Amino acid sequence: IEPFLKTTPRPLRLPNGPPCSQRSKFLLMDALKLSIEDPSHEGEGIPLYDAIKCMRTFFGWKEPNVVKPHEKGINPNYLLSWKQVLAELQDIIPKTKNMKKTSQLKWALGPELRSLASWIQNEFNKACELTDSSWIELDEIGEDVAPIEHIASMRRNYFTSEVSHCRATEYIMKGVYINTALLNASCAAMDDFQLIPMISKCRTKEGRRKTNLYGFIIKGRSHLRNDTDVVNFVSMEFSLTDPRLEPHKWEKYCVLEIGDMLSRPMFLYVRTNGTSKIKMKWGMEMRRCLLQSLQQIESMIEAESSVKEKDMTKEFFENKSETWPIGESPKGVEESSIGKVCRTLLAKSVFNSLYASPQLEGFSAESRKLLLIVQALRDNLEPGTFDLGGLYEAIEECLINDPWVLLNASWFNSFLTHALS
């Protein structure tokens, strides 16, 4: 029983701390849209009008109440901010809409170790799912005028058939929409408290056009000249999730009860936050995640189909019987078809865009070195031995805070567990 003399692959020590919390620019699994189908009102397309139209699809509003106060914050300024936006909408015709720079607005508009907590893995599982709606390929259909090899467009087009209804795709489209509206407002007003509706559009299970309202953002002042100059903002986001079941996830938020829906109470997650022309541009460019994940899908498919000396694309996507380990359940490791693979590799790329951080950039470069070293131990019956740097020390040092980074560690631990069991 002296394994204790041997150095072999242990898992990574994650940090002790109060449970990690949510920190993305907007809500993910917890989001709630009010929407309109076939929208055709006068001025459709125009955010503020579309928004007013989504707000009128709902009749359950009640008198706002704080229900999970932010504990750094002056909570009643967040009620007054909601109430203010509610008030300022009940009106008569213009395109955009600045808020009375009231007292509670002006206020609202201006390491510690934490441990892993389950909500993040649950968010990840939701991101990989199919939705009833599709989030790309929404226009009238036409030729692919665009010069691209046969097999490469076959792969691209198969992938799209698998990711177009993926929930991670809604998140890309949501970041694109919101960030680009934010850039627009930040540059037109600059001295204005513009009310910025959080929108996406999609097409439904039946094929209808649909426009969605997740909530609203108010911009602070936006005289920005460095790319790094910061726009404060307050985001207010509808949700049906009762923040009291997992109050640790909501530490950054004041949460209000604002209504009932068909029957559950309805919540508004509120928090202040900040961005810059560079972060907004990052959001605006979240379709790169479709690219990134296609390329890894394509090279998985290359590698395999070279072994078998035929193109396997068609057979992988259609028969759905080649599979790949990609998840775990109470029975051990589970394999899925190429379509779950595309959606999951999508979601990983989207999350690590939603949670970009230096801790991620470190963890992911160092852990790759260990990865290759553990696959070499695994794949070679006389593998030899390997020098770690302070590989463990370089990796483990990235594990401070970050919910996303900390799952990735947990996920890597799982792997080590199985790679060598």
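Numbering starts at 1 and follows the sequence shown.
Counting the unmodelled positions of the deposited sequence between residue 92 and residue 93 gives a gap of 4 to 9 residues. Where coordinates are absent for parts of the deposited sequence, a chain break appears; between neighbours residue 262 and residue 263 it spans 4 to 9 residues.
In this crystal structure, the stretch out of 411 to 419 and 4 to 12 whose C-alpha atoms carry the higher mean B factor is 4 to 12. A summary of the deposited B-factors shows that, of 142 to 150 and 122 to 130, the stretch with the larger mean C-alpha value is 142 to 150. Of the candidates 251, 242, 285, 309, it is 309 whose Cα B-factor is highest according to the PDB record.
Note on 55, 388, 372, 356: the highest value goes to 388, judged by CA B factor as recorded. Residue 258: CA B factor lies in the middle third for its chain, per the PDB record. Among the modelled residues of the chain, residue 60 sits in the middle third by CA temperature factor in this PDB entry.
Among the modelled residues of the chain, residue 42 sits in the highest third by CA temperature factor in this PDB entry.
The PDB entry assigns residue 194 a C-alpha temperature factor belonging to the highest third of its chain's modelled residues.
Among all modelled residues in this chain, the alpha-carbon of residue 158 has a temperature factor (C-alpha) in the lowest third.
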